[PDB]
file my_file-v6.pdb (PDB, C-alpha atoms)
ATOM      1  CA  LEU A  52     -44.389 -10.019 -27.542  1.00  0.00           C
ATOM      2  CA  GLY A  53     -47.632  -9.094 -29.256  1.00  0.00           C
ATOM      3  CA  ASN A  54     -50.802 -10.309 -27.610  1.00  0.00           C
ATOM      4  CA  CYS A  55     -49.534 -12.908 -25.132  1.00  0.00           C
ATOM      5  CA  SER A  56     -48.315 -11.896 -21.698  1.00  0.00           C
ATOM      6  CA  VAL A  57     -44.902 -12.832 -20.359  1.00  0.00           C
ATOM      7  CA  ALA A  58     -46.638 -15.575 -18.405  1.00  0.00           C
ATOM      8  CA  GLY A  59     -48.183 -16.627 -21.702  1.00  0.00           C
ATOM      9  CA  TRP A  60     -44.982 -16.489 -23.715  1.00  0.00           C
ATOM     10  CA  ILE A  61     -42.675 -18.313 -21.311  1.00  0.00           C
ATOM     11  CA  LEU A  62     -45.304 -21.054 -21.194  1.00  0.00           C
ATOM     12  CA  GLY A  63     -45.570 -21.127 -24.996  1.00  0.00           C
ATOM     13  CA  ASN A  64     -49.213 -19.950 -25.121  1.00  0.00           C
ATOM     14  CA  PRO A  65     -50.840 -21.269 -28.318  1.00  0.00           C
ATOM     15  CA  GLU A  66     -51.636 -17.733 -29.483  1.00  0.00           C
ATOM     16  CA  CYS A  67     -48.045 -16.556 -29.956  1.00  0.00           C
ATOM     17  CA  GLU A  68     -46.679 -19.799 -31.364  1.00  0.00           C
ATOM     18  CA  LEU A  69     -45.007 -17.557 -33.950  1.00  0.00           C
ATOM     19  CA  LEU A  70     -42.900 -16.147 -31.100  1.00  0.00           C
ATOM     20  CA  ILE A  71     -41.051 -19.458 -30.724  1.00  0.00           C
ATOM     21  CA  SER A  72     -38.361 -18.937 -33.337  1.00  0.00           C
ATOM     22  CA  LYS A  73     -36.698 -15.756 -32.001  1.00  0.00           C
ATOM     23  CA  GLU A  74     -34.052 -16.386 -29.351  1.00  0.00           C
ATOM     24  CA  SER A  75     -32.014 -13.155 -29.497  1.00  0.00           C
ATOM     25  CA  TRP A  76     -33.539  -9.732 -29.011  1.00  0.00           C
ATOM     26  CA  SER A  77     -33.176  -6.340 -27.343  1.00  0.00           C
ATOM     27  CA  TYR A  78     -36.167  -5.451 -25.172  1.00  0.00           C
ATOM     28  CA  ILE A  79     -39.560  -6.942 -24.406  1.00  0.00           C
ATOM     29  CA  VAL A  80     -42.777  -5.136 -25.315  1.00  0.00           C
ATOM     30  CA  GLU A  81     -46.189  -5.681 -23.736  1.00  0.00           C
ATOM     31  CA  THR A  82     -49.689  -4.592 -24.578  1.00  0.00           C
ATOM     32  CA  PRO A  83     -50.953  -3.216 -21.238  1.00  0.00           C
ATOM     33  CA  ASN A  84     -53.936  -5.612 -21.006  1.00  0.00           C
ATOM     34  CA  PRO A  85     -52.846  -8.874 -22.656  1.00  0.00           C
ATOM     35  CA  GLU A  86     -55.864 -11.154 -22.940  1.00  0.00           C
ATOM     36  CA  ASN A  87     -54.580 -14.452 -24.372  1.00  0.00           C
ATOM     37  CA  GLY A  88     -52.098 -14.890 -21.545  1.00  0.00           C
ATOM     38  CA  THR A  89     -52.214 -17.923 -19.257  1.00  0.00           C
ATOM     39  CA  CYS A  90     -54.679 -20.048 -21.202  1.00  0.00           C
ATOM     40  CA  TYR A  91     -55.273 -22.660 -18.538  1.00  0.00           C
ATOM     41  CA  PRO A  92     -56.342 -20.751 -15.417  1.00  0.00           C
ATOM     42  CA  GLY A  93     -54.471 -20.669 -12.159  1.00  0.00           C
ATOM     43  CA  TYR A  94     -51.889 -18.761 -10.135  1.00  0.00           C
ATOM     44  CA  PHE A  95     -48.335 -18.349 -11.398  1.00  0.00           C
ATOM     45  CA  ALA A  96     -46.133 -18.900  -8.359  1.00  0.00           C
ATOM     46  CA  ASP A  97     -43.801 -15.937  -7.817  1.00  0.00           C
ATOM     47  CA  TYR A  98     -44.897 -14.384 -11.093  1.00  0.00           C
ATOM     48  CA  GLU A  99     -43.318 -10.979 -10.480  1.00  0.00           C
ATOM     49  CA  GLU A 100     -39.895 -12.348  -9.557  1.00  0.00           C
ATOM     50  CA  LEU A 101     -39.695 -14.302 -12.802  1.00  0.00           C
TER      51      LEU A 101
ATOM     52  CA  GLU B 355      14.165  59.095  -1.165  1.00  0.00           C
ATOM     53  CA  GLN B 356      14.160  57.632   2.355  1.00  0.00           C
ATOM     54  CA  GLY B 357      14.226  53.961   1.335  1.00  0.00           C
ATOM     55  CA  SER B 358      12.015  51.216  -0.065  1.00  0.00           C
ATOM     56  CA  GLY B 359      10.514  47.875   0.892  1.00  0.00           C
ATOM     57  CA  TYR B 360       7.967  45.116   0.378  1.00  0.00           C
ATOM     58  CA  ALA B 361       5.089  44.499   2.792  1.00  0.00           C
ATOM     59  CA  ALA B 362       1.994  42.420   3.491  1.00  0.00           C
ATOM     60  CA  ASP B 363      -1.139  44.097   4.820  1.00  0.00           C
ATOM     61  CA  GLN B 364      -2.729  42.691   7.968  1.00  0.00           C
ATOM     62  CA  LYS B 365      -6.412  43.636   8.202  1.00  0.00           C
ATOM     63  CA  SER B 366      -7.335  42.581   4.666  1.00  0.00           C
ATOM     64  CA  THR B 367      -5.374  39.346   5.048  1.00  0.00           C
ATOM     65  CA  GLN B 368      -6.857  38.765   8.507  1.00  0.00           C
ATOM     66  CA  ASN B 369     -10.430  39.157   7.245  1.00  0.00           C
ATOM     67  CA  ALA B 370      -9.540  36.955   4.277  1.00  0.00           C
ATOM     68  CA  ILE B 371      -8.088  34.136   6.378  1.00  0.00           C
ATOM     69  CA  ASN B 372     -11.130  34.398   8.634  1.00  0.00           C
ATOM     70  CA  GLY B 373     -13.115  33.816   5.457  1.00  0.00           C
ATOM     71  CA  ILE B 374     -10.913  30.821   4.662  1.00  0.00           C
ATOM     72  CA  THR B 375     -11.414  29.218   8.075  1.00  0.00           C
ATOM     73  CA  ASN B 376     -15.136  29.909   7.847  1.00  0.00           C
ATOM     74  CA  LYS B 377     -15.278  28.292   4.408  1.00  0.00           C
ATOM     75  CA  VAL B 378     -13.359  25.152   5.402  1.00  0.00           C
ATOM     76  CA  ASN B 379     -15.197  24.695   8.700  1.00  0.00           C
ATOM     77  CA  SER B 380     -18.478  25.319   6.884  1.00  0.00           C
ATOM     78  CA  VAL B 381     -17.826  22.688   4.242  1.00  0.00           C
ATOM     79  CA  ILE B 382     -16.771  20.177   6.884  1.00  0.00           C
ATOM     80  CA  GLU B 383     -19.591  20.935   9.347  1.00  0.00           C
ATOM     81  CA  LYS B 384     -22.344  21.339   6.747  1.00  0.00           C
ATOM     82  CA  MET B 385     -22.407  17.605   6.017  1.00  0.00           C
ATOM     83  CA  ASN B 386     -25.096  15.930   8.101  1.00  0.00           C
ATOM     84  CA  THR B 387     -25.141  12.495   9.740  1.00  0.00           C
ATOM     85  CA  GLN B 388     -23.618   9.414   8.142  1.00  0.00           C
ATOM     86  CA  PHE B 389     -25.494   6.127   7.755  1.00  0.00           C
ATOM     87  CA  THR B 390     -24.062   2.610   7.740  1.00  0.00           C
ATOM     88  CA  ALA B 391     -24.549   2.036   4.003  1.00  0.00           C
ATOM     89  CA  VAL B 392     -23.497  -1.610   4.088  1.00  0.00           C
ATOM     90  CA  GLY B 393     -24.583  -3.564   1.042  1.00  0.00           C
ATOM     91  CA  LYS B 394     -26.976  -6.098   2.526  1.00  0.00           C
ATOM     92  CA  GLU B 395     -27.734  -9.556   1.158  1.00  0.00           C
ATOM     93  CA  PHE B 396     -30.838 -11.069  -0.394  1.00  0.00           C
ATOM     94  CA  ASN B 397     -31.744 -14.458  -1.813  1.00  0.00           C
ATOM     95  CA  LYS B 398     -31.785 -15.510  -5.460  1.00  0.00           C
ATOM     96  CA  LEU B 399     -35.598 -15.364  -5.346  1.00  0.00           C
ATOM     97  CA  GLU B 400     -36.185 -12.029  -3.601  1.00  0.00           C
ATOM     98  CA  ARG B 401     -33.807  -9.747  -5.426  1.00  0.00           C
ATOM     99  CA  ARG B 402     -36.508  -7.261  -6.331  1.00  0.00           C
ATOM    100  CA  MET B 403     -35.444  -6.184  -2.868  1.00  0.00           C
ATOM    101  CA  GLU B 404     -31.833  -6.240  -4.053  1.00  0.00           C
TER     102      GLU B 404
END
call {"tool": "encode", "arguments": {"input": "my_file-v6.pdb", "output": "structure tokens"}}
result
Amino acid sequence: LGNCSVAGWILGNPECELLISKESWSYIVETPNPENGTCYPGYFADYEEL
Amino acid sequence: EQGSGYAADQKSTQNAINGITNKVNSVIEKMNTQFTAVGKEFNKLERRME
């Protein structure tokens, strides 16, 4: 996943655009403090469940 | 000269079968309470619970 959070990636954050083209994989990875996550601010509803 | 015969001792066998009854009644009475482990139900949004 690189820099973007899961909230960032599922929303297609413009910092991991390069992440678009992989649709099959094994296991997610996450930098513990992803900065370029949800670019427009707010509150992801039921973030943890997703 | 006087004869022959098989036999089965009593005291050793009696202590042994006492050991057997103690072992079976131990293994049956050394299990504690039982709980109603019914698989409960949760929504399609809350399954972190599930």
call {"tool": "closest_atom_pairs", "arguments": {"input": "my_file-v6.pdb", "of": "chain B", "to": "chain A", "cutoff": "12 Å", "atoms": "all atoms listed in the file", "output": "tab-separated table"}}
result
residue	atom	partner	partner_atom	distance
B:397	CA	A:100	CA	11.4
B:398	CA	A:100	CA	9.6
B:399	CA	A:100	CA	6.7
B:400	CA	A:100	CA	7.0
B:401	CA	A:100	CA	7.8
B:402	CA	A:100	CA	6.9
B:403	CA	A:100	CA	10.1
B:404	CA	A:100	CA	11.5
call {"tool": "resolve_selection", "arguments": {"input": "my_file-v6.pdb", "expression": "the PyMOL selection byres ((chain A and resi 55) around 7)", "output": "list in words"}}
result
residues 52, 53, 54, 56, 57, 59, 60, 66, 67, 85, 86, 87 and 88 of chain A
call {"tool": "atom_distance", "arguments": {"input": "my_file-v6.pdb", "atom1": "CA of residue 84 (chain A)", "atom2": "CA of residue 68 (chain A)"}}
result
19.0 Å
call {"tool": "atom_distance", "arguments": {"input": "my_file-v6.pdb", "atom1": "CA of residue 91 (chain A)", "atom2": "CA of residue 73 (chain A)"}}
result
24.0 Å
call {"tool": "atom_distance", "arguments": {"input": "my_file-v6.pdb", "atom1": "CA of residue 76 (chain A)", "atom2": "CA of residue 396 (chain B)"}}
result
28.8 Å
call {"tool": "axis_aligned_box", "arguments": {"input": "my_file-v6.pdb", "around": "region 378-397 of chain B", "padding_each_side": "4 Å", "output": "JSON"}}
result
{"center_x": -22.6, "center_y": 5.4, "center_z": 4.0, "size_x": 26.4, "size_y": 47.8, "size_z": 19.6}
call {"tool": "decode", "arguments": {"input": "my_file-v6.pdb", "residues": "region 364-383 of chain B", "atoms": "N, CA and C atoms", "output": "CSV table (one decimal), in the first residue's frame"}}
result
chain,number,residue,atom,x,y,z
B,364,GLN,N,-6.3,-61.5,44.8
B,364,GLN,CA,-7.4,-60.7,45.1
B,364,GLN,C,-7.0,-59.3,45.5
B,365,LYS,N,-6.1,-59.2,46.5
B,365,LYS,CA,-5.7,-57.9,47.1
B,365,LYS,C,-5.1,-57.0,46.0
B,366,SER,N,-4.1,-57.5,45.2
B,366,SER,CA,-3.5,-56.7,44.2
B,366,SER,C,-4.6,-56.3,43.2
B,367,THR,N,-5.4,-57.2,42.7
B,367,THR,CA,-6.5,-56.9,41.8
B,367,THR,C,-7.5,-55.9,42.4
B,368,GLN,N,-7.8,-56.1,43.7
B,368,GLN,CA,-8.8,-55.2,44.3
B,368,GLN,C,-8.2,-53.8,44.4
B,369,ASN,N,-7.0,-53.6,44.8
B,369,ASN,CA,-6.4,-52.3,44.8
B,369,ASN,C,-6.3,-51.7,43.4
B,370,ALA,N,-6.0,-52.5,42.4
B,370,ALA,CA,-5.9,-52.1,41.1
B,370,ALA,C,-7.3,-51.6,40.6
B,371,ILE,N,-8.4,-52.4,40.8
B,371,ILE,CA,-9.7,-52.0,40.3
B,371,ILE,C,-10.1,-50.7,41.1
B,372,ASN,N,-9.8,-50.6,42.3
B,372,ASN,CA,-10.0,-49.3,43.0
B,372,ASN,C,-9.3,-48.2,42.3
B,373,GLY,N,-8.1,-48.4,41.9
B,373,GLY,CA,-7.4,-47.4,41.1
B,373,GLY,C,-8.2,-47.1,39.8
B,374,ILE,N,-8.7,-48.1,39.1
B,374,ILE,CA,-9.5,-47.9,37.9
B,374,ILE,C,-10.7,-47.1,38.1
B,375,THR,N,-11.5,-47.4,39.2
B,375,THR,CA,-12.7,-46.6,39.5
B,375,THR,C,-12.3,-45.2,39.8
B,376,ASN,N,-11.2,-45.1,40.6
B,376,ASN,CA,-10.8,-43.7,40.9
B,376,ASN,C,-10.4,-42.9,39.7
B,377,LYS,N,-9.8,-43.6,38.7
B,377,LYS,CA,-9.3,-42.9,37.5
B,377,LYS,C,-10.5,-42.5,36.6
B,378,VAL,N,-11.5,-43.4,36.5
B,378,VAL,CA,-12.6,-43.1,35.6
B,378,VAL,C,-13.5,-42.0,36.3
B,379,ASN,N,-13.8,-42.2,37.6
B,379,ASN,CA,-14.6,-41.2,38.3
B,379,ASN,C,-13.8,-39.8,38.4
B,380,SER,N,-12.5,-39.9,38.5
B,380,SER,CA,-11.8,-38.6,38.4
B,380,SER,C,-11.9,-37.9,37.1
B,381,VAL,N,-11.7,-38.7,36.0
B,381,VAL,CA,-11.7,-38.0,34.7
B,381,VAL,C,-13.1,-37.5,34.4
B,382,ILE,N,-14.2,-38.2,34.9
B,382,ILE,CA,-15.5,-37.7,34.6
B,382,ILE,C,-15.9,-36.5,35.6
B,383,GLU,N,-15.4,-36.5,36.8
B,383,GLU,CA,-15.8,-35.5,37.8
B,383,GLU,C,-14.8,-34.4,37.8
